[PDB]
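Novice:
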RNA sequence: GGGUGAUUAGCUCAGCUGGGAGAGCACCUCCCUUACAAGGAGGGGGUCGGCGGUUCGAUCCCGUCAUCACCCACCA
RNA sequence: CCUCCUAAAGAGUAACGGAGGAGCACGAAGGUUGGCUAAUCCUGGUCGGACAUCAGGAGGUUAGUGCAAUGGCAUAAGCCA
RNA sequence: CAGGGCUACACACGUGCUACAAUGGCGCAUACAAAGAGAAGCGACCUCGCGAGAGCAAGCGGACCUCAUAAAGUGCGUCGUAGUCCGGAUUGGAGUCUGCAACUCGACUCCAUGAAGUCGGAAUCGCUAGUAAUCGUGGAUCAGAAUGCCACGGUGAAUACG
Ligand SMILES: [Mg+2]
Ligand SMILES: [Mg+2]
Ligand SMILES: [Mg+2]
Ligand SMILES: [Mg+2]
Ligand SMILES: [Mg+2]
Ligand SMILES: [Zn+2]
């Protein structure tokens, strides 16, 4: 609720004074945040994905959803419709909670940090990034590790340009080299 | 469930997180060496 | 104990538990525990916020773990853009500090490449 | 790591420093010596390091602080 | 012309009813020997003649092209 | 036995004419209700790669339809419970 | 005469060095030798630097002075089996002293890094008593180096039916 209200006053007035839009609904707001983990080496170990799903349901609050293999490829020796990866979609109150517990207490426990990159936008105002370690979330006891399983984050917003999304996230910390 | 994180910067900050436990930190967004790191 | 990086060392004497983190070793560990007034035969059990942040501030008075890595990287980039003899040996994988390239340089040259 | 208290430099190279600085970029600078340590006054100079038969036209950049001539010019052709 | 089988490491064969390329001799590096061969230990080597394709995917499945081997080419 | 052309715009129409498939499958792949819309390319994204799983854009049936081909299918005959 | 080069490196072999650990490693307290060398040389003692170094100058042509307080060994406390506090390469920085000179080249201190290596395929070497093995030291070469050569000392085994 906190950074939601922080948006709801300061980021709204800040971006409106920056880009002087015709109306307030034309401002960028964050629409959803999705989280992906490609478990692919679980073609044999069926419960590798089961424990990775427990890891993501410890990172997020909500139970995850598996992904079906779209079309079979021999480049990765997969069958079409295979237990292949796990995702979590976040909207609303849990989305703002996840962004709060991300930017406060997880980015500075990234291994040997320096600021995130600039050209990581889509071009139509979205963002994505991938991690290496996974005890960067506090919900993982250090004596429970079984692989170095990372994951990637997608912040999907209604930014009509990537520069508008850049100025949206410059109202946050959002490290910015 | 809502917990309370607290770092070494004096930033006492209560948040919802599914740790199920109160939290001790160092670096927050406030007082992290980001601009001094870039310099 | 999320000090100085990802290491949470546990059930160690602190004189070795401070060597356990990259970029900090034995003599630095002894000097830190002297400056904090900590005995050598302690364990990481019963550790507090003061015993975190005093150690982190005394080691934040020193170059640690991120900027040291990119300082090594910037020294290597400086020597590569320099094109010195030592930079050429760093870029081509040959023992720099006055060794013999002929026999038994396999730490630098890796395993035997036939 | 080396050269305790005051480095060691060259007579004729030291002279040719002023012979080029006070008299303009006439030529590349010709020395049979590979010894002196680079000071920032030498920025903007084509000098030559002889490798055993042949000179290399060394230009000096800003970050050549404690660095050396033959350290810039190795003397072994490979492969 | 026409029916049958084959093109695989340097050499010779099994791998073709579909998803990881094996066997033997040779090659290379060591070993005992004054020195070879034999003997003992350890390695890599193909992109399955070639063109196209089906399929997620081809040495394998399909249609031609180059080469090889075999059988027929009778009534006259 | 099935499909296209040869079939000359109703049906049909031969040849040692040109090209392909079938001698199966399913207790869901069937019935109904409610609902969804694919291929390919670009961008950003840890291992991750020309191509696995995420998000967006172009595009708009080129994809799918148990299989050979033809016809058809958006009110879907494709996909989920 | 100046300068580069026997110190290059896709690889094999010989000679060796240090470890792979607990009979081990660390920290503290800790007692026991020999033959040596020395004047353009050895360098006590004090002061600064954690230390590697710098200044001062006693003595010694030498059983007097210098190299110098050797180490395993013993008690305590330790790390309790891991690539570990074992191991030390490779590398970044900062040094010192030598010598005109340290890039092709060194020797050492410190800060930080911690690869493979958990006892070694076929084969192969030495050794009958203070030796086999292990731990120190001294010299010669030299202006500067040793894991090399020459020499000395500490502890100190097994087996021989044949
Ligand atoms: Mg008609
Ligand atoms: Mg008709
Ligand atoms: Mg319906
Ligand atoms: Mg005898
Ligand atoms: Mg020897
Ligand atoms: Zn903080």
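Chains as they are written, first to last, in PDB author numbering: chain CF, 1 to 177; chain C0, 10 to 48; chain AM, 1 to 114; chain AS, 2 to 80.
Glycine included, each C-beta is placed from N, C-alpha and C at the ideal position.
#1: Beta-carbon within less than 8 Å of residue 52 (chain AS)'s beta-carbon, same chain only, minus the 5 sequence neighbours each way: which residues are those?
#2: Does residue 121 (chain CF) come out as helix, strand or coil in the three-state DSSP assignment?
#3: Can you list the residues of chain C0 that residue 173 (chain CF) reaches, using a CB-CB cut of under 7 Å?
#4: Taking residue 8 (chain AM) as the query, report the chain CF residues whose CB atoms sit under 8 Å from its CB, ordered along the chain.
#5: What are the start and end residues of the alpha helix (DSSP H) that includes residue 72 (chain AM)?
#6: Tell me residue 15 (chain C0)'s beta-bridge partners as DSSP assigns them.
#7: If you measure from each CB to the nearest heavy atom of ligand 6 and keep those under 7 Å, what residues do you get, in chain order?
#8: Rounded to whole angstroms, what's the CA-CA distance from residue 1 (chain CF) to residue 34 (chain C0)? Just pull it up for me.
#9: Helix, strand or coil for residue 11 (chain AS), going by three-state DSSP, please let me know.
#10: Would you decide whether residue 40 (chain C0) is buried or exposed? Buried here means 16 or more other CB atoms lie within 10 Å of its CB.
#11: With distances taken Cα to Cα, identify the nearest neighbour of residue 160 (chain CF) among 109 (chain CF), 27 (chain CF), 8 (chain CF).
#12: Using 7 Å as the threshold, is the C-beta distance between residue 8 (chain AM) and residue 142 (chain CF) below it?
#13: According to the Cβ coordinates, are residue 115 (chain CF) and residue 176 (chain CF) closer than 7 Å?
#14: Our contact map puts residue 99 (chain CF) next to residue 33 (chain CF) with C-beta atoms below 8 Å; I'd like the distance itself, whole angstroms only.
#15: What's the C-alpha gap between residue 11 (chain CF) and residue 173 (chain CF)?
#16: Do the region 48-64 of chain CF and the region 82-96 of chain CF touch if we need at least three Cβ pairs shorter than 8 Å?
#17: If we count Cβ pairs, one from each stretch, closer than 8 Å, do we get three or more for the region 27-35 of chain AM versus the region 134-154 of chain CF?
#18: DSSP puts residue 36 (chain CF) in a beta bridge; with which residues?
#19: Have a look at residue 103 (chain AM) and residue 42 (chain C0) and give me their C-alpha separation to the nearest angstrom.
#20: Considering just the uninterrupted stretch of the beta strand (DSSP E) at residue 115 (chain CF), what are its terminal residues?
#21: Using alpha carbons as the reference points, say which of 13 (chain CF), 14 (chain CF), 3 (chain CF) lies closest to residue 24 (chain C0).
#22: Hey, is residue 17 (chain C0)'s beta-carbon within less than 7 Å of any beta-carbon in chain AM?
#23: Where does residue 92 (chain AM) sit, in a helix, a strand or coil, going by DSSP?
#24: Which chain CF residues sit within Cβ distance under 7 Å of residue 21 (chain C0)?
#25: Mind checking who residue 56 (chain AS) pairs with in its DSSP beta bridge?
#26: Among 168 (chain CF), 149 (chain CF), 157 (chain CF), 165 (chain CF), which has the Cα closest to the Cα of residue 50 (chain CF)?
#27: Taking CB distances under 7 Å as the criterion, tell me whether residue 12 (chain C0) reaches chain CF.
#28: Express the C-alpha separation of residue 90 (chain AM) and residue 154 (chain AM) in angstroms, rounding to a whole number.
#29: Can you pull the chain AS neighbours of residue 83 (chain AM), defined as C-beta to C-beta under 8 Å?
#30: Could you check where the alpha helix (DSSP H) with residue 95 (chain CF) kicks off and where it finishes?
#31: Under a three-way DSSP split, which group does residue 130 (chain CF) fall into?
#32: Mind listing the chain CF neighbours of residue 65 (chain AM)? Cutoff is C-beta to C-beta under 7 Å, in chain order.
#33: Should residue 164 (chain CF) be labelled buried (16 or more other beta-carbon atoms within 10 Å of its own) or exposed?
#34: If you measure between the beta carbons of residue 66 (chain AS) and residue 44 (chain AS), is that distance less than 7 Å?
#35: Kindly indicate the opening and closing residues of the beta strand (DSSP E) around residue 67 (chain CF).
#36: Mapping the DSSP letters down to three states, classify residue 19 (chain AM) as helix, strand or coil.
Specialist: Answer, in terms of the structure:
#1: Start at 1 with the first residue of the fourth chain, and residue 52 (chain AS) comes out as number 51. Once the five neighbours on either side are set aside, the close Cβ partners of residue 52 (chain AS) are 74, 75, 76.
#2: The residue given as residue 121 (chain CF) occupies position 121 in the first chain. It is a strand residue.
#3: Residue mapping note: residue 173 (chain CF) aligns to position 173 of the first chain, counting from 1. Those within 7 Å of residue 173 (chain CF) in chain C0 are 38.
#4: Along the third chain, read from residue 1 onward, the residue named residue 8 (chain AM) stands at position 8. Per Cβ cutoff of 8 Å: 142.
#5: In the third chain, the residue the question calls residue 72 (chain AM) occupies position 72. Segment 67-82, the alpha helix (DSSP H) holding residue 72 (chain AM).
#6: As a position in the second chain, residue 15 (chain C0) is number 6, starting the count at 1. Looking at the DSSP assignment, residue 15 (chain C0) forms a beta bridge with 21 (chain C0), 33 (chain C0).
#7: 16 (chain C0), 17 (chain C0), 18 (chain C0), 20 (chain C0), 34 (chain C0), 35 (chain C0), 36 (chain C0), 37 (chain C0), 39 (chain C0), 40 (chain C0), 41 (chain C0)
#8: Numbered from 1 along the first chain, position 1 holds the residue referred to as residue 1 (chain CF). Numbered from 1 along the second chain, position 25 holds the residue referred to as residue 34 (chain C0). The straight-line gap from Cα to Cα measures roughly 21 Å.
#9: Numbered from its first residue, the fourth chain carries residue 11 (chain AS) at position 10. Of the three classes helix, strand and coil, the one that applies to residue 11 (chain AS) here is coil, per DSSP.
#10: Position 31 of the second chain, counted from the first residue, corresponds to residue 40 (chain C0). Flag for residue 40 (chain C0) reads exposed.
#11: Locating residue 160 (chain CF) in the first chain gives position 160, counting from the first residue. It is 27 (chain CF).
#12: The residue given as residue 8 (chain AM) occupies position 8 in the third chain. The residue given as residue 142 (chain CF) occupies position 142 in the first chain. Contact: yes.
#13: On the first chain, residue 115 (chain CF) is found 115 positions in, with the first residue counted as 1. On the first chain, residue 176 (chain CF) is found 176 positions in, with the first residue counted as 1. It is a contact, given that the beta carbons lie within the stated cut-off.
#14: Numbered from 1 along the first chain, position 99 holds the residue referred to as residue 99 (chain CF). Numbered from 1 along the first chain, position 33 holds the residue referred to as residue 33 (chain CF). With a Cβ gap of about 7 Å, residue 99 (chain CF) and residue 33 (chain CF) count as contacting.
#15: Locating residue 11 (chain CF) in the first chain gives position 11, counting from the first residue. Locating residue 173 (chain CF) in the first chain gives position 173, counting from the first residue. Approximately 12 Å, taken between the alpha carbons.
#16: yes
#17: no
#18: For the purposes of this step, residue 36 (chain CF) is taken as the residue at position 36 of the first chain. Paired residues: 87 (chain CF), 152 (chain CF).
#19: For this step, residue 103 (chain AM) is matched to residue 103 along the third chain. For this step, residue 42 (chain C0) is matched to residue 33 along the second chain. Each residue's alpha carbon lies about 46 Å from the other.
#20: Within the first chain, residue 115 (chain CF) is the residue found at index 115, counting from 1. Segment: none, residue 115 (chain CF) is in no beta strand (DSSP E) and carries neither H nor E.
#21: Start at 1 with the first residue of the second chain, and residue 24 (chain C0) comes out as number 15. Minimum Cα distance to residue 24 (chain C0) is reached at 3 (chain CF).
#22: Stepping through the second chain from its first residue, residue 17 (chain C0) is reached at position 8. Yes, contact with chain AM.
#23: Translated into positions along the third chain, residue 92 (chain AM) becomes position 92. DSSP places residue 92 (chain AM) in helix when its eight states are reduced to three.
#24: Taking the first residue of the second chain as 1, we reach residue 21 (chain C0) at position 12. Under the 7 Å cutoff, chain CF gives no residues; its nearest Cβ is about 12 Å from residue 21 (chain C0).
#25: In the fourth chain, the residue the question calls residue 56 (chain AS) occupies position 55. DSSP lists 51 (chain AS) as partners of residue 56 (chain AS).
#26: Translated into the one-based positions of the first chain, residue 50 (chain CF) becomes position 50. Ranking the options by Cα distance to residue 50 (chain CF), first place goes to 149 (chain CF).
#27: Your numbering for residue 12 (chain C0) matches position 3 in the second chain. Closer than 7 Å: no.
#28: Here chain AM has residues from 1 to 114 only, and residue 154 (chain AM) is not among them.
#29: What you label residue 83 (chain AM) is simply residue 83 of the third chain in a count that begins at 1. By Cβ distance, chain AS contributes 73.
#30: Position 95 of the first chain, counted from the start, is the residue given in the question as residue 95 (chain CF). Note, residue 95 (chain CF): alpha helix (DSSP H), 93-103.
#31: For the purposes of this step, residue 130 (chain CF) is taken as the residue at position 130 of the first chain. Residue 130 (chain CF): strand per DSSP, three-state reduction.
#32: In the third chain, the residue the question calls residue 65 (chain AM) occupies position 65. Those are 112, listed as they occur along chain CF.
#33: As a first step, residue 164 (chain CF) is located in the first chain; it is residue number 164 there, counting from the start. Counting Cβ neighbours within 10 Å, residue 164 (chain CF) comes out buried, since at least 16 surround it.
#34: Taking the first residue of the fourth chain as 1, we reach residue 66 (chain AS) at position 65. Taking the first residue of the fourth chain as 1, we reach residue 44 (chain AS) at position 43. Contact: no.
#35: Taking the first chain and counting its residues from 1, one reaches residue 67 (chain CF) at position 67. Per DSSP, residue 67 (chain CF) belongs to the beta strand (DSSP E) from 65-68.
#36: Within the third chain, numbered from 1, the residue matching residue 19 (chain AM) stands at position 19. DSSP places residue 19 (chain AM) in coil when its eight states are reduced to three.
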